[PDB]
Amino acid sequence: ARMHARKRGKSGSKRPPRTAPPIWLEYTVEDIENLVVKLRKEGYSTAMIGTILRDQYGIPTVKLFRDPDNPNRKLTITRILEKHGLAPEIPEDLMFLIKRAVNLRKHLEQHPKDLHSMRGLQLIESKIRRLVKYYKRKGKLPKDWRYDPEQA
Amino acid sequence: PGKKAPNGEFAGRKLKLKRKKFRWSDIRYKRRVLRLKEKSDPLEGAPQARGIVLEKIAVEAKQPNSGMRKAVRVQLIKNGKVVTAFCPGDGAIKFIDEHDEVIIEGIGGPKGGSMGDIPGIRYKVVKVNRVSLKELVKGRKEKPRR
Amino acid sequence: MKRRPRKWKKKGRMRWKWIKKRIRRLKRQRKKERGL
Amino acid sequence: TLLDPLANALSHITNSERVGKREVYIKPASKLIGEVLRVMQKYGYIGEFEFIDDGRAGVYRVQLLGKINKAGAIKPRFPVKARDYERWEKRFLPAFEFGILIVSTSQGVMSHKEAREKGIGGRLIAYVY
Amino acid sequence: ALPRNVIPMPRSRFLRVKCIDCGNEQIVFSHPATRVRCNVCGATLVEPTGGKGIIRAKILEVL
RNA sequence: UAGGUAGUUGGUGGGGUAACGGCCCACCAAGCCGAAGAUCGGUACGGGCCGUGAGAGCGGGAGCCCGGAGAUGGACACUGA
RNA sequence: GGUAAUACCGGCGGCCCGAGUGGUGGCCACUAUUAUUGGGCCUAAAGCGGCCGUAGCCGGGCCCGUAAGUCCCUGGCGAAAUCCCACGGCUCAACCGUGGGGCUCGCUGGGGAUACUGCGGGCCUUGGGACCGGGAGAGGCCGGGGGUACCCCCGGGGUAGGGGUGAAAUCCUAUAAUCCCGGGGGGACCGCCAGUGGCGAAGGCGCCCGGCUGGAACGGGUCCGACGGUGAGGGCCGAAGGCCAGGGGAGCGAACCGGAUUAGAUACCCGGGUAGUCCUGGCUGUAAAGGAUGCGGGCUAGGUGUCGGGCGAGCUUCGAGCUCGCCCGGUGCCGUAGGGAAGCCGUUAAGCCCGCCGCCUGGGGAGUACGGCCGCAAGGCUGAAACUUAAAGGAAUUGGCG
Ligand SMILES: [Mg+2]
Ligand SMILES: [Mg+2]
Ligand SMILES: [Mg+2]
Ligand SMILES: [Mg+2]
Ligand SMILES: [Mg+2]
Ligand SMILES: [Mg+2]
Ligand SMILES: [Mg+2]
Ligand SMILES: [Mg+2]
Ligand SMILES: [Mg+2]
Ligand SMILES: [Zn+2]
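Residues numbered from 1 in each chain as written, not as in the entry; some residues may be left out. Chains lettered and ligands numbered in written order. Part of a larger assembly, values for the part shown. Heavy atoms only, no water.

cryo-EM is the method the PDB entry states for this structure, with the resolution given as 3.2 Å.

Structure below.
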């Protein structure tokens, strides 16, 4: 079920099993790497780069090609960005959650009796800490980092 | 309710602790480990005892009954307590006199308490002046010291 | 007060809302009258 | 959440065959699941089975024959010495050779009747009869 | 036979639409999440509405 | 019955012992146990074994053998392997 | 057992064990009344009022290593007595001797194998999370505009009652009431539409317009890559009532003052009325806080309403419209297998499985006494024993009765 509520919900995306790219594609690997890098410099989130490739350029998910420099891995957007040095400086899951808990914290400063909104804040911060524990454990975040709300 | 709480492989400590915790909601175990029977018991863990009778009395029986049961007041020797004891048999009370020494057993009821329609009494007389009472009631032997 | 719903059953007793109110008055008298 | 993909399979099998079904789908498919199906087959409890890939861990199709009374998982996974089998066979099964007791010995998965012939032990994972 | 519950399969397609005031040929998605506009001229091709887009050009295939 | 310890934990140099050791002493530090129950109370000689039960277990450890300790209560020395 | 005793006390018959046979106290079995094997928690004892999370227990698929857990073989140990067997000596036997095994279930030196657990690398996407799109909703907090009803006051008209009850009376009225009309002010609440309808973790939320804000469902060849479940000790939220300070006060009204009914009437009924109920700032932390049903995952016939999204057809006064069929998520009913002591539950389980935490152990004494920690007080939380009793409880039958 959901993490905090307990509704089930099932909506999502259902993919076909497939190994090789489809026959009617024509974009070669380098023509797709340049497309991936061109869009990031328009200010696009790594989730909203794939939406546009799929909608407009007609490329089903980019995880159909292998990594050019490595036969083990498969291609993923974040593994293209770090090839050119454009990848984010903090996992953007964490960044979206943290940015969404900063203008709720200045709304709660003019309406301090809005007691039903300040529970969503506690729930957001629970999620932020759940993610920081994991990131610190996997070495993606330096150990001298803490979520201190009074900054930003 | 779910399945049952610590059914894991490395959960021995919590399972033992849950058992030791709920064993105290008992009454036969708490009463045997804290030793509550002694410290409140006029006879002190004995099967029998001896006393010296103070006065002879009669009790009324329970509700769906009628009649008077004869008994005595015994003053123990090892403690100094005063208990109430029952004289079993047809005409026994005519053999008990004051300033006599009597021997005392339990009366054998549920949980060690009392039995039948005599509800508050929990001891019975077996020997008078070192001469069994059962004999005296049915002839067969004579009572010393008057 | 940690009460038990078996006693609100009224068969062979008096009402419990009114036994509570009477226990409270004694827990007071034992307190003021030198409960110190 | 999900904690045991083998228990789910065995309860699914014994729930389905009790109402008369002739096919089941064991959705999350380990290779321990496949290894236990292999020995449920050789003793004549199920029919034939195949592994279908679906891009995410694969599925198992198995046809039932209506030849089992009960199947389940021995969960805490106790260990057994090679001379202490009857103590457990008297706890799970209904007569002195009624059915099999599946053991995870150091040479694969097998029934206790073939562990006693080599004289080895291991962890008990399940039982069928 | 082969229930949907095992091996799920989508319900949405890739099209081979063809522009109007540009003649250009493209591939698009049927349930888009953005506003699909042409890759030379800029006129829209599909529109986002809830479930399935409402296309605005000529279709050649369903791919 | 929630905090306990100040020769208490450790180091350097010594005395004493049949012998190693804060076992004692002179200096330098601030360590040491603890909610996985320390500290403080309660009861108790420990085991091989013994009673009971279909077994899992629950209860007892006077008498026989093996270890420990005591000689009305508390302190202290002589002779000797 | 009450003057007709197979139940007390004697006689005579009979029954069970027998050199013994009865009485009182203790431990085990009885007892699945301590439950690992192997119990309970809707109505009988028992789910924390609700939710968040630290330790701990439980944890998705594949590939390559290691060999700690685990399994097999082998050296050194776990005194004798005691325990089981066969044979031999006292007449057999109890007892004693020669041999085989068990027991002290626990230690340690090595060699072997990797299925599962643990530990170290790599690779995934189903669980969980992030994001975009078109919609639904009394979810919450500020600002502003209204709606009728009720009470009070001032003017105009009229003239003797009004009010209340089972029946009356206290009360209001000649300083002109009740009733009708023209105006001035004042607090609280938002009717019909309204729906086993919607939203929220629970307590709860219903006039309309504008602003900021939280969560969920559907559509999705988007992104991350096991980031998860439960949660002792700690933390926030919590109707009504009560408390401490400032404001306000129309209707209703614990305390209180009078009229009646009555054997009494400290009550029900009638005429008044203080605190309270409302607003700003805090404390208290309780309910039949109830679905008397803790939370996550998998599976096991159908039928039929209804709210939200999507899809496919057919109409159309082309409307954000109407009808039919299907997929996903909420909310109701009749019901198979199965479960239950029944009442009854039945894919929204009280069914068959895998987890984690909280509580229960005959009825009273007693939620009491004594101690501790919180609160300004009222009070909350923790919580025994001496003694006493043979039943107390539950779900359904036949009658008798209102
Ligand atoms: Mg002693
Ligand atoms: Mg029970
Ligand atoms: Mg109850
Ligand atoms: Mg695994
Ligand atoms: Mg021995
Ligand atoms: Mg002979
Ligand atoms: Mg012999
Ligand atoms: Mg012998
Ligand atoms: Mg708690
Ligand atoms: Zn164009």
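Once the structure has been displayed, the description carries forward.
**Re the overall build of chain D**
Let me state the cut-off plainly: Where helices and strands are cited, they refer to DSSP runs of H or I of at least four residues and of E of at least two residues respectively, numbered from the N terminus. C-alpha atoms define the radius of gyration, and 2.2 Å times the number of residues to the power 0.38 defines the globule rule. Only protein chains enter the accessibility calculation, which uses a 1.4 Å probe; a residue whose area is less than 20% of its type maximum is buried, one above 50% is exposed, and one in between is partly exposed. Note on contacts: a residue pair qualifies if any of its non-hydrogen atoms lie within 4.5 Å across the two residues.
Check the secondary structure of chain D and you find four helices and eight strands. Reading the helices (α) and strands (β) of chain D from amino to carboxyl end gives α-β-α-β-β-β-β-α-β-β-α-β. Since a compact globule built from 129 residues should have a radius of gyration of about 14 Å, the 15 Å found for chain D is in line with a globular shape. Taking the principal axes of its C-alpha atoms as reference, chain D extends roughly 45 × 30 × 30 Å. Here chain D holds 129 residues, and the buried ones make up 43% of them. Considering only contacts within chain D whose residues lie at least 6 apart along the sequence, 57% involve residues at least 24 apart.

**Quick word on the protein's contact with RNA strand G**
We count it as follows: Here a residue counts as near a molecule or strand whenever at least one of its heavy atoms sits within 4 Å of it. Pairs of N or O atoms within 3.5 Å make up the polar contacts considered here, provided that, within protein, one atom can donate a hydrogen while the other can accept it, and that residues adjacent in sequence are counted only when both atoms are side-chain atoms. Residues are grouped as follows: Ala, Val, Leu, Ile, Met, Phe, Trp, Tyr, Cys and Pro are nonpolar; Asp, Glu, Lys and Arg are charged; every other residue, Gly included, is polar.
Looking at RNA strand G, there are 137 residues lining it, with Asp93(A), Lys133(A), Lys3(B), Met1(C) and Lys52(E) nearest. Backbone sugar and phosphate groups make up 76% of those atoms of RNA strand G lying within 4 Å of the protein. In the environment of RNA strand G, a base nitrogen lies 3.3 Å from a nitrogen or oxygen atom belonging to the backbone of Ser66(B). At nine residues, the largest contribution of residues to the surface near RNA strand G is made by helix α5 (residues 118-137) of chain A. Here the surface near RNA strand G is composed, by residue class, of 31 nonpolar, 44 polar and 62 charged.

**A closer look at the interface of chain E and chain A**
Inclusion rule: When two components associate, each loses some accessible surface as probed by a 1.4 Å sphere; the sum of these losses over both components is called the buried area.
Chain E puts 19 residues into the contact, and the matching count from chain A is 13 residues. The contact between chain E and chain A buries some 1400 Å² in all, and 61% of this surface belongs to carbon and sulfur atoms. If you sort the residues of chain E by the area they bury against chain A, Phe14(E), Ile27(E) and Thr34(E) come out on top, with a joint share of 32%. Inspection of the chain E/chain A interface yields five residue pairs in polar contact. Looking at side-chain class alone, the side of chain E that touches chain A contains 13 nonpolar, four polar and two charged residues.

**What to know about the packing of helix α1 (residues 5-16) of chain D against helix α2 (residues 32-42) of chain D**
All names here are of chain D. Heads up, the rule is: Axis geometry follows a simple rule: fit a line to the C-alpha atoms, using only the stretch in contact for helices, then measure angles between N-to-C directions, giving values from 0 to 180 degrees. Working rule for angles: under 35 degrees goes down as roughly parallel, over 145 as roughly antiparallel, 65 to 115 as roughly perpendicular, anything else as oblique. Note on convention: near helix rotated counterclockwise from far helix by under a right angle means a left-handed crossing. Clockwise means right-handed.
Two numbers describe how α1 lies on α2: the axes approach to 10 Å, and their chain directions differ by 40°. In terms of orientation, α1 and α2 fall into the oblique class. α1 and α2 meet at a crossing whose hand is right-handed. Facing α1, whose interface residues are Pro-5, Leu-6, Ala-9, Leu-10 and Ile-13, α2 presents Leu-32, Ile-33 and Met-40. In terms of residue class, the contact of α1 with α2 is built from eight nonpolar, no polar and no charged.

**Observations concerning the protein's contact with RNA strand F**
Residues and elements named next belong to chain B. The immediate surroundings of RNA strand F are formed by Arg-13, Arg-23, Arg-32 and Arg-35. A distance of 3.2 Å is found between a sugar or linking oxygen of RNA strand F and a side-chain nitrogen or oxygen belonging to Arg-23. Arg-32 has a polar side-chain atom sitting 2.9 Å from a phosphate oxygen of RNA strand F. Within the surface near RNA strand F, the residues separate by chemical class into no nonpolar, no polar and four charged.

**Some remarks on the UniProt feature "binding site: Zn(2+)" in chain E**
Condition: UniProt positions are given in the numbering used here, feature names are shortened, and annotations may be inferred rather than shown by experiment.
Under the feature "binding site: Zn(2+)", the UniProt entry names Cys19(E), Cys22(E), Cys38(E) and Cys41(E). Spatial clustering of the annotated residues is evident: they stretch over 23 residues in sequence, but the largest pairwise C-alpha distance comes to 9.4 Å. Inspection of the secondary structure puts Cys38(E) in the segment after β2 (28-29). Of the residues examined, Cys38(E) reaches a relative accessible area of 7% and is grouped as buried. Aside from chain neighbours lying at most four places away, what touches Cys38(E) is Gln56(A), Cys22(E), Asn24(E), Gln26(E), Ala43(E) and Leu45(E). Setting aside its immediate chain neighbours within four residues, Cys41(E) contacts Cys19(E), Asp21(E) and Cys22(E).

**Some points on the layout of surface pockets**
Which parts of space are left empty comes out when a probe the size of a water molecule is rolled across the atoms. Put simply, the rule is: Grid points spaced at 1 Å over the protein atoms alone were grouped into cavities, where a 1.4 Å probe fits but cannot get out, and pockets, open sets with protein on both sides within 12 Å along at least five of seven lines, with lining residues defined by an atom within 4 Å of a point. Grid points are joined across faces, edges and corners, and a volume is the space filled by probe spheres set on the points.
Of the volumes computed, that of the largest pocket is approximately 1600 Å³. Forming the boundary of the largest pocket are 41 residues, of which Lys14(A), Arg15(A), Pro16(A), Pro60(A) and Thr61(A) lie nearest the centre. Those elements that place two or more of their residues in the lining of the largest pocket are α2 (46-57) and α3 (77-84) of chain A. It is α2(A) that contributes the most residues to the lining of the largest pocket, five residues altogether. Taken together, the residues of the lining of the largest pocket sort by class into 18 nonpolar, 12 polar and 11 charged. Taken together, 13 residues make up the lining of the second largest pocket; nearest its centre are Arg31(B), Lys37(B), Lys111(B), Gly112(B) and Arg122(B). A per-class count over the lining of the second largest pocket returns three nonpolar, three polar and seven charged.

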